[PDB]
Amino acid sequence: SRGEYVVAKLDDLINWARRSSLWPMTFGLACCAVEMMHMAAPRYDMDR
Amino acid sequence: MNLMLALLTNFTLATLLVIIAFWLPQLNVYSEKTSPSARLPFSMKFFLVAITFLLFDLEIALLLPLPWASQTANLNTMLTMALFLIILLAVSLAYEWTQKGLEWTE
Amino acid sequence: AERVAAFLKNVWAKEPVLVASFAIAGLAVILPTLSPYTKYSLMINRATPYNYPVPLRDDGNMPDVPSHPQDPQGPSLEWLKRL
Amino acid sequence: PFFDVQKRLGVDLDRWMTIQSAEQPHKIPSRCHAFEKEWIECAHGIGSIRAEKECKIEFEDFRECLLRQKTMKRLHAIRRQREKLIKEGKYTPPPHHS
Amino acid sequence: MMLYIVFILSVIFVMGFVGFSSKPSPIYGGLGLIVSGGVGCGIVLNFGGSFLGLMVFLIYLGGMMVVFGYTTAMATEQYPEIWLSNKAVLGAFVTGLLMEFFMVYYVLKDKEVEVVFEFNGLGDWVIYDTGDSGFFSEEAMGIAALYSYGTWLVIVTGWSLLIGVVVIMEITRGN
Amino acid sequence: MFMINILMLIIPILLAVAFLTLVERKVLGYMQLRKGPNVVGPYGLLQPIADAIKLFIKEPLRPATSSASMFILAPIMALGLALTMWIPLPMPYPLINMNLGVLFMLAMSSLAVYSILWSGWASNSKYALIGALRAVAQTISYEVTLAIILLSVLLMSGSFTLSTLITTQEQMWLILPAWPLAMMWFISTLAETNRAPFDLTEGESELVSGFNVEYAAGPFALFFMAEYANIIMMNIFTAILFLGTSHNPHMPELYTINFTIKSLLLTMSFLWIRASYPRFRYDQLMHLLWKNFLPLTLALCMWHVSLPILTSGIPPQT
Amino acid sequence: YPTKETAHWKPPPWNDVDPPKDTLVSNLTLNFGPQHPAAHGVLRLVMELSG
Amino acid sequence: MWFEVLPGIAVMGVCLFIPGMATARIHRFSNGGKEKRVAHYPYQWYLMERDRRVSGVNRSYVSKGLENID
Amino acid sequence: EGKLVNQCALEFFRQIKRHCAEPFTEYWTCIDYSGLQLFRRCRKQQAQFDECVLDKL
Amino acid sequence: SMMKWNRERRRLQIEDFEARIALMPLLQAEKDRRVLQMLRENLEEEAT
Amino acid sequence: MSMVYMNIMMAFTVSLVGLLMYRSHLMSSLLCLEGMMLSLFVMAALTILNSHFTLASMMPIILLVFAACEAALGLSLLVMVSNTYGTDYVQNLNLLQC
Ligand SMILES: CCCCCCCCCCCCO[C@@H]1O[C@H](CO)[C@@H](O[C@H]2O[C@H](CO)[C@@H](O)[C@H](O)[C@H]2O)[C@H](O)[C@H]1O
């Protein structure tokens, strides 16, 4: 029951939550925004 | 007693969730940022929708006793006065409608 | 007439919601005066006993007042059982 | 009323709600029904100048029923006296009363 | 202490009144009135006025006070001065709570105080009615009677509300 | 014992809200020919947990609020009232059995508009306040029909007691005698809770809808939980009101199972509708209320006052 | 009867109308962007509104 | 497939089912295996208070029948 | 007169305890289950009690 | 359907109200004795 | 009188003093006006409920309805004042001095 262990497992939890719930702000400036929209579209479904 | 306990519990939890929602982020110790009456102008139309809601809402106060009113022996009087109230509520709407009180065009 | 029927056609085409609203309200104001069962609503409301029925002091000449609840005299609810 | 249209036309616009001993829905009586009835009947017809003197007993009882000022004074005296004796240990509540 | 629920609520009722009567920024004035209204409904409930109490919440708080706050936002305040940060507002607030505190002190200690009227401090429960076993709510029966006994009341009340719609449209047209 | 009962209501409410967020994303996903969350936990069952943790350890937003007290009061009011709306619901037995439970629910919901108003006041932004006022005007407008529609249905029930609606529908769902009122009721609940196609607070016509605009707000999670608790509660109320479930006193759990299914299906229909339609303009949803629902609701109120009298079908008072 | 405390008083307007000079500024100016920048992103719309 | 939406719905269903089931069971636990008494009107409360006196244990849900008659 | 109300009631219940206790006990135990003490939930046990008192009393 | 069911509910209400009426004399007799006993008891403590 | 009346009567007195002692916002004075009505509603309801004056149970509703309608009229005037001057300050309403 060291502090290194608890801090290690708490890091994994918050890291898991943050990467598992990434909310993007897409700054669609030009053509690349179209491909970004195809990443949300059904074939790739970024929401999943 | 039970209702008071329920209200106290519901708003107590809501309060705790609010303060911990405001304190828990301070665990991160994020860096400092250092980088940021009168009319509104208010439209008369938005004031008039609120007032119309109020006056219609006052007439609804008078209609709430209708379920109990139907238990009376004087049903003819009760039905006449019930329809009278609802009709005047309709007449208020008709007056508002035909003087363009329900428009949103400027 | 036929002017009247044309007018009812124009509103039914342009303002069906208001036509329905005035039709429903018109029935609300007319049917109660025509219904034969309206009289029963008054009778049922008067047959509901909210208060204790205080007995009368028997002077000796009230033939139509029952002495016991199960005696024949007094108002009957036979019409209500069938209704 | 300034203009007694109600009495002339024999139509009851607002008299039905003026007193608490008038007819109520389902014959629910007000708490002071008897007192108000007695005061109204005493003072009826004789005018207010006479009534303020000749129906004083009825009106005083009616007012006592309404606001219970003398009943509360008597209860307060007993309760004040009682707690005085309990402080001095010269009185003990009975099994009932506890 | 639960046996003095009505009195305790009425103390909070007065405190809320001293709130908005010292007249802080209208935004917080509405808050004092909303709290007073909610406490006011509570007092009415404890006298057996369930329907009357809920009308306060539905019509006074959910209706009138919503419109007040709506109007305050559009026509009056958008940000407020800190409550009790003004000399007169704070002095008025302190004065009110001192008067309330002393009224409460003497009424509880002497079980009676006297200002214009004579007030008794035994407890509001002592005046209650000791006979109740009907199969209905007397309050509800009285309110329901509006449509049978109160024909005349309905007509004038109905006319006034209709005229209110007309008048307010006249007033606000501006020409 | 009662304290256990309260917690056995509050905690499941918060869990249903959490997992409704997952159901919404997956139902909307499949109607859009995709899946929605299926990576974070099996079938995305851990996705609500990841979102919840993420939101609560996120930095608070800027700018600072105009009123600290109103900034804190708005979320407390929203969530406190949301939970309070559940205490009289008969499922089949209520936590609090009120004689005037229907009126209690009307009264409490009319207070939910204050959190909108206070959060607009505390936003320190002129444009954000104007957005809040438009939301309030929408909310109160549709409160008019909800109250009048509710009054019309109770003329068949006979009282304001929520559990009396169960007895009223012992033979038949009230949706059959009152489907026109049910239609307008259901839409009013959508507009009342600012749900698509009435979600103009989340629309493109607001002065603050611009992405680059900023104003004091939050916490986002608490407001979101309050809103979704009201969606479920309104749909529970809709089921009780129009789709009454039969109650067997010796098997209350059967009521609860059947009653839960109907509420779930109605809640799913909110998600169904959000996937299907474009958004109303603000003036058009005002027109829908004031010039369509309200005239028809007044007429149907006249009808439902008259109908029991003329058919000799006045319900009992007790 | 003129006094020092009424010196500033002047007769009212002949037709009772005082000029409207206080506050009349009802046109909002809104720098408008798109709700979501996923598609447009680079549109700036300086709009002047009236209600 | 669409039936992968059901697991999240099942979780929602269980959460919504619990408050109703809990209230019913807690009521019967606290009122001697019977439904909690409903007293909306003074007459019903009057009888409940009478039962509390008649029980002899200060609980209105303890019923005394003909065994108390004599 | 109030005392005579009690004595009549006691003699009334003694008649039930004498001839119809078991059907009556079943009937009021069903009534007691309901939170509203509803008659309409117990028509089967009511019929058994009504039949007993008609035959025996 | 609503009409038939509400007629039956009105008949059921009359049955419930008549059960109360049958019991009111017994309840009234008890209440009077209870009230008079409490007043007599208060009086005894008042004398003391 | 009972103890509760003391506080309800204090609340009316407090809101009346608040009404008669203006500051600047006309809105703050209208709230005091609504406060007066709230205290009247409560005192009326307590008197009527405690006395079992059945038909008078409707009176507090009529009070509330008419007072809210009068509050709508007051708010409308405040908005028209705010339109003329851009604030609801009462010190701008001094033209009629002359
Ligand atoms: C114990 C439970 C604790 C509480 C847990 C709460 C978890 C919340 C998870 C939310 C999951 C994401 O859900 C999704 O969020 C976005 C907000 O970014 C919403 O998005 C909506 O609102 C935002 C504004 O607020 C708009 O910009 C957007 O256009 C609109 O679609 C979606 O309507 C919703 O479906």
# chains A, B, ... in the order shown; residues from 1 in each chain; ligands from 1

call {"tool": "interface_residues", "arguments": {"of": "chain F", "to": "chain J", "cutoff": "7 Å", "atoms": "only C-alpha atoms", "output": "number ranges by chain"}}
result
F: 311-316

call {"tool": "write_last_selection", "arguments": {"atoms": "N, CA and C atoms", "output": "mmCIF file, in the first residue's frame"}}
result
data_model
loop_
_atom_site.group_PDB
_atom_site.id
_atom_site.type_symbol
_atom_site.label_atom_id
_atom_site.label_comp_id
_atom_site.auth_asym_id
_atom_site.auth_seq_id
_atom_site.Cartn_x
_atom_site.Cartn_y
_atom_site.Cartn_z
ATOM 1 N N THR F 311 -72.994 13.033 -20.752
ATOM 2 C CA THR F 311 -73.049 11.580 -20.816
ATOM 3 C C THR F 311 -73.384 10.945 -19.477
ATOM 4 N N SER F 312 -73.522 11.740 -18.417
ATOM 5 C CA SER F 312 -73.691 11.219 -17.061
ATOM 6 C C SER F 312 -72.508 10.337 -16.666
ATOM 7 N N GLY F 313 -71.307 10.825 -16.951
ATOM 8 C CA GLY F 313 -70.095 10.103 -16.625
ATOM 9 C C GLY F 313 -69.153 10.894 -15.745
ATOM 10 N N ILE F 314 -69.695 11.744 -14.881
ATOM 11 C CA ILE F 314 -68.822 12.496 -13.979
ATOM 12 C C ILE F 314 -68.096 11.516 -13.065
ATOM 13 N N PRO F 315 -66.779 11.611 -12.913
ATOM 14 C CA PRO F 315 -66.061 10.670 -12.058
ATOM 15 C C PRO F 315 -66.294 10.983 -10.593
ATOM 16 N N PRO F 316 -65.950 10.067 -9.696
ATOM 17 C CA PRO F 316 -66.078 10.357 -8.269
ATOM 18 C C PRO F 316 -65.049 11.376 -7.814
#

call {"tool": "residues_near_ligand", "arguments": {"ligand": "ligand 1", "cutoff": "8 Å", "atoms": "only C-alpha atoms and all ligand atoms", "output": "count of residues only"}}
result
25

call {"tool": "atom_distance", "arguments": {"atom1": "CA of residue 38 in chain K", "atom2": "CA of residue 37 in chain E"}}
result
6.9 Å

call {"tool": "residues_around", "arguments": {"residues": "residue 36 in chain B", "least_positions_apart": "5", "cutoff": "10 Å", "atoms": "only C-alpha atoms", "output": "PyMOL selection string"}}
result
chain F and resi 62-64

call {"tool": "write_last_selection", "arguments": {"atoms": "C-alpha atoms", "output": "PDB file, in the first residue's frame"}}
result
ATOM      1  CA  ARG F  62     -13.811  31.252 -18.242  1.00  0.00           C
ATOM      2  CA  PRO F  63     -14.879  34.086 -18.083  1.00  0.00           C
ATOM      3  CA  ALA F  64     -15.844  34.777 -14.485  1.00  0.00           C
TER       4      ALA F  64
END

call {"tool": "atom_distance", "arguments": {"atom1": "CA of residue 123 in chain F", "atom2": "CA of residue 65 in chain F"}}
result
5.7 Å

call {"tool": "interface_residues", "arguments": {"of": "chain B", "to": "chain F", "cutoff": "7 Å", "atoms": "only C-alpha atoms", "output": "PyMOL selection string"}}
result
chain B and resi 3+6-7+10-11+14-15+18+21+24-25+36+40+49-50+53+57+64+67-68+83+86+90+104

call {"tool": "write_last_selection", "arguments": {"atoms": "C-alpha atoms", "output": "PDB file, in the first residue's frame"}}
result
ATOM      1  CA  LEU B   3     -41.941  15.521   2.547  1.00  0.00           C
ATOM      2  CA  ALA B   6     -37.324  14.416   0.895  1.00  0.00           C
ATOM      3  CA  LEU B   7     -36.977  18.075  -0.082  1.00  0.00           C
ATOM      4  CA  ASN B  10     -32.886  16.329  -2.743  1.00  0.00           C
ATOM      5  CA  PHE B  11     -31.544  19.869  -2.395  1.00  0.00           C
ATOM      6  CA  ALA B  14     -27.802  18.889  -5.371  1.00  0.00           C
ATOM      7  CA  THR B  15     -25.753  21.276  -3.234  1.00  0.00           C
ATOM      8  CA  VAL B  18     -22.435  21.505  -7.063  1.00  0.00           C
ATOM      9  CA  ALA B  21     -18.180  19.974  -9.143  1.00  0.00           C
ATOM     10  CA  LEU B  24     -12.707  18.628  -7.668  1.00  0.00           C
ATOM     11  CA  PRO B  25     -11.134  20.409 -10.687  1.00  0.00           C
ATOM     12  CA  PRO B  36      -9.506  37.110 -20.856  1.00  0.00           C
ATOM     13  CA  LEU B  40     -30.685  45.131 -23.712  1.00  0.00           C
ATOM     14  CA  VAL B  49     -45.242  37.249 -24.600  1.00  0.00           C
ATOM     15  CA  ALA B  50     -44.328  37.176 -20.903  1.00  0.00           C
ATOM     16  CA  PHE B  53     -48.409  34.205 -20.412  1.00  0.00           C
ATOM     17  CA  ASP B  57     -51.871  31.866 -16.429  1.00  0.00           C
ATOM     18  CA  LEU B  64     -58.155  24.613 -11.798  1.00  0.00           C
ATOM     19  CA  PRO B  67     -62.756  18.823 -11.341  1.00  0.00           C
ATOM     20  CA  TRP B  68     -64.248  19.609  -7.937  1.00  0.00           C
ATOM     21  CA  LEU B  83     -67.706  27.643 -20.412  1.00  0.00           C
ATOM     22  CA  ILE B  86     -62.865  29.350 -21.174  1.00  0.00           C
ATOM     23  CA  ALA B  90     -60.506  32.402 -26.131  1.00  0.00           C
ATOM     24  CA  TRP B 104     -42.633  38.393 -34.633  1.00  0.00           C
TER      25      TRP B 104
END

call {"tool": "atom_distance", "arguments": {"atom1": "CA of residue 69 in chain B", "atom2": "CA of residue 31 in chain D"}}
result
23.9 Å

call {"tool": "interface_residues", "arguments": {"of": "chain G", "to": "chain A", "cutoff": "9 Å", "atoms": "only C-alpha atoms", "output": "PyMOL selection string"}}
result
chain G and resi 36-42

call {"tool": "residues_around", "arguments": {"residues": "range 24-34 of chain J", "least_positions_apart": "5", "cutoff": "12 Å", "atoms": "only C-alpha atoms", "output": "JSON list (two decimals) with C-alpha atoms, in the first residue's frame"}}
result
[["chain", "number", "residue", "atom", "x", "y", "z"],
["C", 50, "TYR", "CA", -71.27, 13.42, 2.02],
["C", 51, "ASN", "CA", -73.03, 14.29, 5.30],
["C", 52, "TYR", "CA", -74.73, 12.16, 7.90],
["C", 53, "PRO", "CA", -78.50, 11.98, 7.24],
["C", 54, "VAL", "CA", -79.83, 13.49, 10.46],
["C", 55, "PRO", "CA", -82.98, 11.63, 11.58],
["E", 130, "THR", "CA", -60.37, 19.73, 17.62],
["E", 131, "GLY", "CA", -63.06, 18.17, 15.41],
["E", 132, "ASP", "CA", -62.18, 16.76, 11.98],
["E", 133, "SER", "CA", -63.56, 13.62, 10.36],
["E", 134, "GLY", "CA", -65.29, 14.61, 7.15],
["E", 135, "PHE", "CA", -64.69, 12.71, 3.93],
["H", 43, "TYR", "CA", -62.16, 10.73, 8.14],
["H", 46, "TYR", "CA", -59.42, 9.73, 12.14],
["H", 47, "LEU", "CA", -59.80, 5.97, 11.71],
["H", 49, "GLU", "CA", -55.55, 7.37, 14.76],
["H", 50, "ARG", "CA", -58.25, 5.19, 16.30],
["H", 53, "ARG", "CA", -55.09, 3.55, 20.02],
["I", 1, "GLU", "CA", -77.80, 7.43, 24.53],
["I", 2, "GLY", "CA", -74.11, 7.18, 23.68],
["I", 3, "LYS", "CA", -73.65, 4.23, 26.03],
["I", 4, "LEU", "CA", -76.54, 2.41, 24.38],
["I", 5, "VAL", "CA", -74.74, 2.85, 21.06],
["I", 6, "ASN", "CA", -71.79, 0.91, 22.48],
["I", 7, "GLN", "CA", -73.92, -1.84, 24.00],
["I", 8, "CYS", "CA", -75.77, -2.38, 20.74],
["I", 9, "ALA", "CA", -72.45, -2.55, 18.89],
["I", 10, "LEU", "CA", -70.99, -5.06, 21.34],
["J", 17, "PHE", "CA", -69.79, 6.77, 1.90],
["J", 18, "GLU", "CA", -72.64, 4.68, 3.32],
["J", 19, "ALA", "CA", -70.24, 2.50, 5.28],
["J", 39, "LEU", "CA", -61.46, 18.18, 29.78],
["J", 40, "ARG", "CA", -62.26, 16.56, 33.12],
["J", 41, "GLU", "CA", -58.61, 15.54, 33.47]]

call {"tool": "interface_residues", "arguments": {"of": "chain C", "to": "chain B", "cutoff": "8 Å", "atoms": "only C-alpha atoms", "output": "PyMOL selection string"}}
result
chain C and resi 29+41-43+45-46

call {"tool": "decode", "arguments": {"residues": "range 46-71 of chain C", "atoms": "N, CA, C and O atoms", "output": "compact mmCIF listing (two decimals), in the first residue's frame"}}
result
# COMPACT_ATOMS: atom_id res chain seq x y z
N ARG C 46 -76.67 14.38 -6.52
CA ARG C 46 -77.53 14.50 -5.35
C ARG C 46 -77.70 13.19 -4.60
O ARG C 46 -78.14 13.22 -3.45
N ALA C 47 -77.37 12.06 -5.20
CA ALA C 47 -77.44 10.77 -4.53
C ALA C 47 -76.18 10.44 -3.76
O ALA C 47 -76.14 9.40 -3.10
N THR C 48 -75.15 11.28 -3.82
CA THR C 48 -73.90 11.02 -3.12
C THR C 48 -73.99 11.59 -1.71
O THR C 48 -74.12 12.81 -1.56
N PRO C 49 -73.91 10.76 -0.66
CA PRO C 49 -74.11 11.28 0.70
C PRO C 49 -72.83 11.67 1.42
O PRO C 49 -72.19 10.83 2.06
N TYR C 50 -72.46 12.94 1.33
CA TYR C 50 -71.27 13.42 2.02
C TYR C 50 -71.51 13.60 3.52
O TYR C 50 -70.59 13.39 4.31
N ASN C 51 -72.71 13.99 3.92
CA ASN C 51 -73.03 14.29 5.30
C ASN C 51 -73.91 13.21 5.90
O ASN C 51 -74.64 12.52 5.18
N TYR C 52 -73.84 13.08 7.21
CA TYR C 52 -74.73 12.16 7.90
C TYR C 52 -76.18 12.57 7.66
O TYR C 52 -76.50 13.76 7.70
N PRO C 53 -77.09 11.62 7.39
CA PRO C 53 -78.50 11.98 7.24
C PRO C 53 -79.21 12.09 8.58
O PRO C 53 -79.65 11.09 9.14
N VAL C 54 -79.32 13.31 9.10
CA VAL C 54 -79.83 13.49 10.46
C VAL C 54 -81.26 12.98 10.54
O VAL C 54 -82.09 13.35 9.69
N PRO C 55 -81.60 12.13 11.50
CA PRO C 55 -82.98 11.63 11.58
C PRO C 55 -83.94 12.72 12.02
O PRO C 55 -83.57 13.70 12.66
N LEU C 56 -85.20 12.52 11.66
CA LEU C 56 -86.28 13.42 12.04
C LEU C 56 -86.96 12.90 13.30
O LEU C 56 -87.10 11.70 13.49
N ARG C 57 -87.38 13.82 14.16
CA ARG C 57 -88.18 13.44 15.31
C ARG C 57 -89.57 13.04 14.84
O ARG C 57 -90.25 13.82 14.18
N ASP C 58 -89.99 11.83 15.19
CA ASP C 58 -91.25 11.29 14.70
C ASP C 58 -92.40 11.87 15.50
O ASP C 58 -92.73 11.39 16.58
N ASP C 59 -93.03 12.91 14.96
CA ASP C 59 -94.21 13.47 15.60
C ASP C 59 -95.39 12.50 15.57
O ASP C 59 -96.25 12.54 16.45
N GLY C 60 -95.44 11.63 14.57
CA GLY C 60 -96.50 10.66 14.43
C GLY C 60 -97.25 10.72 13.12
O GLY C 60 -98.08 9.84 12.86
N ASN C 61 -96.99 11.71 12.27
CA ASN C 61 -97.68 11.85 10.99
C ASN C 61 -96.69 12.28 9.90
O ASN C 61 -96.76 13.36 9.33
N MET C 62 -95.73 11.40 9.62
CA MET C 62 -94.87 11.50 8.44
C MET C 62 -94.93 10.15 7.75
O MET C 62 -94.01 9.33 7.88
N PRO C 63 -96.01 9.86 7.03
CA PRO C 63 -96.15 8.53 6.44
C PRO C 63 -95.05 8.18 5.45
O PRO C 63 -94.68 7.00 5.35
N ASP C 64 -94.51 9.15 4.73
CA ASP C 64 -93.58 8.88 3.65
C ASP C 64 -92.12 8.87 4.09
O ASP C 64 -91.23 8.73 3.24
N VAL C 65 -91.84 9.02 5.38
CA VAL C 65 -90.49 8.96 5.92
C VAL C 65 -90.29 7.57 6.51
O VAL C 65 -91.05 7.18 7.40
N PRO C 66 -89.31 6.79 6.05
CA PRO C 66 -89.12 5.45 6.61
C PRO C 66 -88.65 5.51 8.05
O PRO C 66 -87.94 6.43 8.46
N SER C 67 -89.05 4.50 8.82
CA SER C 67 -88.55 4.34 10.17
C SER C 67 -87.24 3.58 10.24
O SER C 67 -86.49 3.75 11.20
N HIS C 68 -86.95 2.77 9.23
CA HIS C 68 -85.74 1.98 9.14
C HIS C 68 -85.17 2.14 7.74
O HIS C 68 -85.92 2.33 6.79
N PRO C 69 -83.85 2.08 7.58
CA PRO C 69 -83.27 2.26 6.24
C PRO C 69 -83.77 1.26 5.21
O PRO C 69 -83.81 1.59 4.02
N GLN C 70 -84.14 0.05 5.62
CA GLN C 70 -84.57 -0.97 4.68
C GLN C 70 -86.08 -1.00 4.48
O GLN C 70 -86.58 -1.88 3.77
N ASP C 71 -86.82 -0.06 5.07
CA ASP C 71 -88.23 0.06 4.78
C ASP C 71 -88.44 0.57 3.36
O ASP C 71 -87.56 1.22 2.79
